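Trainee: need a structure here:
(chains A, B, C, D, E, F and G)
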Amino acid sequence: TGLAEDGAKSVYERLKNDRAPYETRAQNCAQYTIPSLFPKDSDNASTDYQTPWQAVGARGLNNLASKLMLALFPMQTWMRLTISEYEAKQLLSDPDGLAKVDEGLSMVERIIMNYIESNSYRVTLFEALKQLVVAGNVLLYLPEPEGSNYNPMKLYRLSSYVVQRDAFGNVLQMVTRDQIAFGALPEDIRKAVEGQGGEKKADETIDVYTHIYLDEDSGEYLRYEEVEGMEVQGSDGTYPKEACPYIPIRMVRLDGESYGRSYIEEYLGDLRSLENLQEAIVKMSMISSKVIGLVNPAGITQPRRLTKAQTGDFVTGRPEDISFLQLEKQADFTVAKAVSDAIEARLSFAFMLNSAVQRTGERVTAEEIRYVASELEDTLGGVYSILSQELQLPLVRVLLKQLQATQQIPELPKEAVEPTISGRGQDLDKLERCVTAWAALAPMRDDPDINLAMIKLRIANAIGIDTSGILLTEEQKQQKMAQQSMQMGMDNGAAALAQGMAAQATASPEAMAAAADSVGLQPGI
Amino acid sequence: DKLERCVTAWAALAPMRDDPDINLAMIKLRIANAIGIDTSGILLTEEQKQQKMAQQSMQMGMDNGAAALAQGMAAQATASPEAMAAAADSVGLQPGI
Amino acid sequence: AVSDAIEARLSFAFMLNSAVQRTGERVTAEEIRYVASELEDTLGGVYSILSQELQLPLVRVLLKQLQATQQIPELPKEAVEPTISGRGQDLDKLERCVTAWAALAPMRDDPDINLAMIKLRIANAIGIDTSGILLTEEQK
Amino acid sequence: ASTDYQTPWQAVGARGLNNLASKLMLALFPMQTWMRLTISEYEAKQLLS
Amino acid sequence: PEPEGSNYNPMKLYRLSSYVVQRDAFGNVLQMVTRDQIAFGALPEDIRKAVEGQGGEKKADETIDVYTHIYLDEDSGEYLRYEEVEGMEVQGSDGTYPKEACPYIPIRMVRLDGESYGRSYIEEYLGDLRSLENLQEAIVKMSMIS
Amino acid sequence: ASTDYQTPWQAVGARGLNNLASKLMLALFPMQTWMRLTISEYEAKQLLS
Amino acid sequence: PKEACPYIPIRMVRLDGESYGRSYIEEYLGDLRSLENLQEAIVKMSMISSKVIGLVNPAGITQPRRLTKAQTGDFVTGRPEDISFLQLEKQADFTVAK
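Mentor: Numbering: from 1, shown residues only, chains lettered A, B, ... in the order given. See below for the structure:
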């Protein structure tokens, strides 16, 4: 069918002329930090990536992709499922069923963390976060789960995908190119390539274009994926607007333009300037490294004699003839060093690295100033905020739909949504502060006038806990009272007849022989 | 915070709780007025005080009562060998042990 | 001074605390030993891929090969493995919540607080599985 | 067998490799267990009492 | 190596001078080859029947190099491994390794798309070391004129 | 898409903005509840036992 | 209604009456703009510094022709006081602008 589009190859080729602004930024932007991270398309096995003269960009990227990772994808749970609490009160008999629902929400949030960690999503997100700093865009495809086998996700680094979005935030169409070799192509595709005609080599590389365009009708995406000239049979799929396995991440997203400029090309000009200093300081040390012996030619010493002498020889000559050429950029080496130590100082706050110990003399201070290192957290925070909506949430949503279809998760009843909280958190700390307040009420527990039944409610209201099942109701208090009595009833009762029976059983010698026969024992002891 | 500051003031009144002359029923109101808490349900009222007195007794009534007949029944149930066989049949158990 | 500056910016690239041959005095406290602690992030970036590449394959191969030689029980087709850096999460989440229960020891005898419910909520919050955690009616 | 490997004039690469292959080893292959087997918990609830 | 009994069974490493793999621009591996040159005496039994089966006597210490080939079968995406001595394959070499569980796994660090092997970690900073050496070569040589 | 944004020669404005948009955020939209609903207390006493 | 509309304009440093409100960081905008003109000059003073020009005294003996084919340790003709290097002299001036 026509499908209301030209063809995925073409869509990829018309809009490949829109990556070329961002792509030639990232090729420049990875050149200064770490050249192995965003290779130019021409680059191949042969290309050697010369290290930059400065090593702050290589430092301040791993020290920022890692901090971002810890913050965004903490090992400790980083999504939780909030049920809408008032609509949970209506559809349910309070209060035991409410936390029973939140156990099912604590059920799911552990299974996803057991799904993310057991499919190496921590790996390909850290490869994503390194692309999000240098390049600024990555597409992460969450392959449909097929069985409980190993199923890793895939990242396309803005050299293998194309998206097109609006001035408005929503995505219109996506294209990705992967070039899977003939042997490795999935079955249904091999029937289409052979169905096109002509034999192929086992290692010949076939490139498959998907096309994830927004259907005009229904705002549900359509995805058809295409090999060589035309579409594979069975490629057609429809992804709803809120749950599609292809989600493009962009950092520093700017209106409206389709991809988002990288984080480390914010300070790219400044790095580029740091490099031109650190290129010159090293080259000043190389003129220094050469050892030239300037012989004064109006003198007596002849190097001919100086160069066949042994360890201790007496040689003719004056010492003031032999001088050595030395570099004189001294009051100049300190100019270019103190600026390079000032540019590294103002990039080490821009990146989340505490600044290099090579610094001003002494001057190290206390925890107070380690609190300035603590203040580096705000700087960490601004960059990860967008990342959450862009990456954190989509991944969670896609996972939740995909686990319903493979029945690895219970079908949660259409009303639970998720905040990627940095993780309760608020449910733990608000229990605890209030629980200490109740001990503050331990001395007054026996007090005649203070309404301890009310103060425990007020402190709760104030911390903000839900109350509801927190206070024993009257029925429950009555039950508690009987249970202390039924304990002492069972305790004194079982101690009564056991003293009661065994006193009058063993009483009298014969009755004693009759009592042992009821168990099964003999008369003699 | 206004709950808490005042709640510490009440512990400052723990040593004097048994004092004969200090109106501890009034000092707990004044500290409250001063912190600025709403009072109102803070102080047990007459009905509540009576109920609390009663509950300590109904606790000791249920506690000593349930310990009485359980010592009361089981002493005279297991008293005598035959009455003992009759008592085990009411639960459902056999005569031999 | 250039060779002491190039060794300084390779000693952070490698996971070695930089050579003591350095600027005079200037040694500081645990706070700055926390910068040595921050060397862990740099350690982390390089080992992440290594995990998928080496850690997991070795474990998978070992698991199949131990089934064929009967040195392992045939695990029933549904268990998968995360190379966690090791529980870990099963130990620490037990423990934090277990301290919270002692925080509830003074109030154990309190007439109004539903201690049967607070022990459930703290559990829900730490994130432990509950399920067998609370004695049921029969067990009580 | 004959080749003699001349030591480099700098000894940071010889330092910063053993000090990085060892740290990587401790981190990746800790003596303490470094794999654990997660059973799928919801499918474990279904097939079991 | 496949466990054979509860005896001692160490694994083996081939350091990019003894193996060859070929993978796609996509992440998956197509074919692997390794060369080990086990001497005649040490060659495992079934291989000695193939080398003698080729013909001609061998010295006890003459070194024979055995190529394995771990190519991805076009059919079924299950690997096939046949290993070969001199000109042709040993009897019994054939084995089939599923895609997710094969005893030959190539590790690569700093894996880069798509190219088959991955550039080393310490050649990230290789330029910088190489520059450190040219200083430390000069400081030592200045102490020798001294 | 083409425009390249040259970094300013100083990096205090880039520093002092993220360090001020973040502090403002923590202060204004704290994770801990930052609105509460006051009922008019005297009119709540009248309409209620 | 007047009190509940989904479009609410936020303005910071709201000034009477004018419709939008001047930004916070253009309070100190003049001052930043002045900081930039210093930090542009300090960096450009380090770039003249970065260039390494070998000023040979042309009334001397040393000839750079010999100095530039010498190996690591060669004995070469000449006086050391002929070869000097041009260096930037804004020193008591780099500390004013810093």
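Trainee: drop to CA atoms for contacts and neighbour counts, all remaining ones
Mentor: Fine.
Trainee: stretch A:52-66 and chain D, are they touching?
Mentor: No. Judged by Cα under 8 Å from any Cα of the partner chain, stretch A:52-66 stays clear of chain D, getting no closer than 15.3 Å.
Trainee: now what about that stretch, what contacts it?
Mentor: For stretch A:52-66, contacts defined as Cα atoms under 8 Å, 6 or more residues apart in numbering or on different chains pick out A:31-34, A:126, A:129-130, A:133, A:271, A:274-275, A:278-279, A:344, A:348, A:351-353, C:9, C:12-13, C:41-42, C:44-45, E:128.
Trainee: among these, which ones are buried?
Mentor: Among the contacts of stretch A:52-66, those classed as buried by 16 or more other Cα atoms under 10 Å in any protein chain shown are A:31-34, A:126, A:129-130, A:133, A:271, A:274-275, A:278, A:344, A:348, A:351-353, C:9, C:12-13, C:41-42, C:44-45, E:128.
Trainee: among those, which are in helices?
Mentor: Members of those lying in helices (criterion: DSSP state H): A:31-33, A:126, A:129-130, A:133, A:271, A:274-275, A:278, A:344, C:9, C:41-42, C:44-45, E:128.
Trainee: tell me what the closest residue to chain G within chain A is bridged to.
Mentor: Closest contact between chain A and chain G, by Cα to the nearest Cα, is at residue A:293 (4.5 Å). For residue A:293, the beta-bridge partners are residue A:324, residue G:75 (DSSP bridges).
Trainee: ok, it touching residue A:307?
Mentor: No. Using Cα atoms under 8 Å, residue A:293 is not in contact with residue A:307, being 11.8 Å away.
Trainee: CA-only coordinates of stretch A:342-351 in CSV, if you can.
Mentor: Provided in CSV are the C-alpha atoms of stretch A:342-351 (Å, rounded to 0.1, in the frame of the first residue of the first chain):
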residue,chain,number,x,y,z
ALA,A,342,41.7,29.5,35.7
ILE,A,343,39.9,28.0,32.7
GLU,A,344,40.1,24.5,34.2
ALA,A,345,38.8,26.1,37.4
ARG,A,346,35.7,27.3,35.7
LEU,A,347,35.1,24.1,33.8
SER,A,348,35.5,22.0,36.9
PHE,A,349,32.4,23.6,38.4
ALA,A,350,30.5,23.3,35.1
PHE,A,351,31.2,19.6,35.2
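Trainee: distance from it to the middle of the chain?
Mentor: Centroid separation for stretch A:342-351 versus its chain: 24 Å, with Cα atoms, centre = their mean, to the nearest Å.
Trainee: and stretch A:434-443, by the same measure?
Mentor: Per Cα atoms, centre = their mean, the centroid offset for stretch A:434-443 relative to its chain is 39 Å.
Trainee: one more: stretch A:516-525?
Mentor: Distance of stretch A:516-525 from its chain centroid, counting by Cα atoms, centre = their mean, is 73 Å.
Trainee: again with stretch A:137-150
Mentor: 16 Å.
Trainee: first to last residue in that stretch, what's the distance?
Mentor: 26 Å (Cα to Cα, to the nearest Å).
Trainee: I'd like to check what contacts it. Which residues are they?
Mentor: Residues contacting stretch A:137-150 (Cα under 8 Å, 6+ apart): A:119, A:128, A:131-132, A:151-158, A:161, A:245-251, A:259-262, A:395, A:398, A:402-403, A:406, C:78, C:80, E:100.
Trainee: how about stretch A:179-190?
Mentor: For stretch A:179-190, contacts defined as Cα under 8 Å, 6+ apart pick out A:200-208, A:227, A:232-234, E:24-26, E:28, E:30, E:72-74, E:77.
Trainee: distance of residue A:97 relative to chain C?
Mentor: Separation of residue A:97 from chain C (Cα to the nearest Cα, to the nearest Å) stands at 12 Å.
Trainee: let me fix that, I meant to ask about residue A:151.
Mentor: For residue A:151 relative to chain C (Cα to the nearest Cα), the value is 11 Å.
Trainee: quick check: that residue touching residue A:121?
Mentor: No. Applying Cα under 8 Å as the test, residue A:151 and residue A:121 come out as separate, 9.4 Å apart.
Trainee: quick check: residue A:343 touching residue A:274?
Mentor: Yes. Contact criterion Cα under 8 Å: residue A:343 and residue A:274 qualify, at 6.5 Å.
Trainee: how about residue A:167, what does it touch?
Mentor: A:255-258.
Trainee: need the max-distance pair from those residues.
Mentor: Within the contacts of residue A:167, A:255 and A:258 form the most distant pair, 8.2 Å apart (Cα to Cα).
Trainee: which ones are touching residue A:467?
Mentor: By Cα under 8 Å, 6+ apart, the contact set of residue A:467 is A:457, A:460-461.
Trainee: residue A:49 now?
Mentor: With Cα under 8 Å, 6+ apart, residue A:49 has these contacts: A:35-36, E:124.
Trainee: and what of residue A:294?
Mentor: Residue A:294 touches A:322-325, G:75-80, counting by Cα under 8 Å, 6+ apart.
Trainee: ok, 6 Å please
Mentor: A:323-324, G:76-78 (Cα atoms under 6 Å, 6 or more residues apart in numbering or on different chains).
Trainee: and if you look at residue A:226?
Mentor: By Cα under 6 Å, 6+ apart, the neighbours of residue A:226 are A:208-210, A:232.
Trainee: show me what contacts residue A:296?
Mentor: A:321, G:78-79 are the contacts of residue A:296 under Cα under 6 Å, 6+ apart.
Trainee: try 7 Å
Mentor: A:321-322, G:77-79 (Cα atoms under 7 Å, 6 or more residues apart in numbering or on different chains).
Trainee: with residue A:434 instead?
Mentor: Neighbouring residues of residue A:434 by Cα under 7 Å, 6+ apart: A:459-460, A:463.
Trainee: distance check, the residue of the stretch 101-250 of chain A found nearest chain B against chain E.
Mentor: When scored by Cα to the nearest Cα, the stretch 101-250 of chain A has residue A:102 as its residue closest to chain B, at 30.0 Å. Applying Cα to the nearest Cα, the value for residue A:102 to chain E is 37 Å.
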